[PDB]
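Here is the input, now give the coordinates:
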Amino acid sequence: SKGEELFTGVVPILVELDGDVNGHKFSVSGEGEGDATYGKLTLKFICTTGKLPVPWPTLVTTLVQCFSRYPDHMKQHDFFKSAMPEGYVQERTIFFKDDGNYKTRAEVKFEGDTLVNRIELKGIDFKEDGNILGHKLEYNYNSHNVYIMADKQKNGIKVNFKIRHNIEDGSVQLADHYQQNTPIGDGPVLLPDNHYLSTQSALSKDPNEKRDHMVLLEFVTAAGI
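Residues are numbered from 1 along each chain as shown. Pasting the structure now:
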């Protein structure tokens, strides 16, 4: 593939997010690195405008699937890396069951040798006392399967999956994700056969950090073929 060679080593990552949820404007910056050979990501995020108005876990999916590990026999299906370095646009609507929804738009591409994910997020119709604005979510994260299928007319892919966020009372808050990725360049991209990415993430805190933040370690590997 084209961009495949761009991910052979450890690649630095820079994340920029501007958000507005129910009238509360905020920004998050993140830095770290990704090692696609092992499907590994290590990143630290900071809310640069003060306290984050929504729970950090709700932003995980939004805050670079080109770092997923694709087994050798599945390389022909790696759309994400095939779109580099010009990049792809990734859009989503995230529906929080019995609550609001996030609508996001991001561009992920290389700037020099840094992989950048620049995102705009708008959150609407959230209940002021629901699990999100009420900060009722536990600070942890579950493993999920992310389903990918080709969208040939759009020369891109459609992705869909459900995230299960543990709530403090033992219950669960579901977040249905609908995603569309399209290439930024005019060049060719690899359009995949159906498959999924198996994801696991662990959230932690930097004991020395006084700003509102989240440390994230994540492993993602492709499967299903």
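
switch to C-alpha atoms for all contacts and neighbour counts from now on
OK.

and residue 153, how many residues sit next to it?
7 (other CA atoms under 10 Å).

measure the nearest residue to residue 27 once chain neighbours are set aside to residue 11 for me?
Once flanking residues are discounted, residue 27 sits nearest to residue 18: 4.7 Å by CA to CA, 6 or more residues apart in numbering. Residue 18 sits at a distance of 23 Å from residue 11 (criterion: CA to CA, to the nearest Å).

still on that earlier bit, burial count for the residue nearest to residue 27?
Neighbour tally, residue 18, other CA under 10 Å: 15.

Is it within a helix or a strand, and which one?
strand 10-21 (DSSP states H and E).

Quick check: buried residues in that strand?
10, 11, 12, 13, 14, 15, 16, 17, 19, 20, 21 (16 or more other CA atoms under 10 Å).

And what about residue 76, helix, strand or coil?
Secondary structure assignment for residue 76 (DSSP: H, G, I helix; E, B strand; the rest coil): helix.

what's near enough to touch it?
1, 190, 192 (CA atoms under 8 Å, 6 or more residues apart in numbering).

can you rerun that using 10 Å?
1, 70, 82, 189, 190, 191, 192, 193 (CA atoms under 10 Å, 6 or more residues apart in numbering).

quick one: the helices in the protein?
Assigned by DSSP state H, the chain shows helices spanning 79-82.

What segments of it are strands?
Under the criterion DSSP state E, the chain carries strands at the ranges 10-21, 24-35, 40-47, 88-96, 101-111, 114-124, 144-151, 156-166, 172-183, 195-204, 213-223.

Could I get the ones you listed in CSV, plus columns for distance to residue 78?
Formatted as CSV, these follow (distance: least, CA to CA, whole Å):
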stretch, distance to residue 78
strand 10-21, 17
strand 24-35, 15
strand 40-47, 16
strand 88-96, 13
strand 101-111, 15
strand 114-124, 17
strand 144-151, 10
strand 156-166, 11
strand 172-183, 13
strand 195-204, 10
strand 213-223, 9
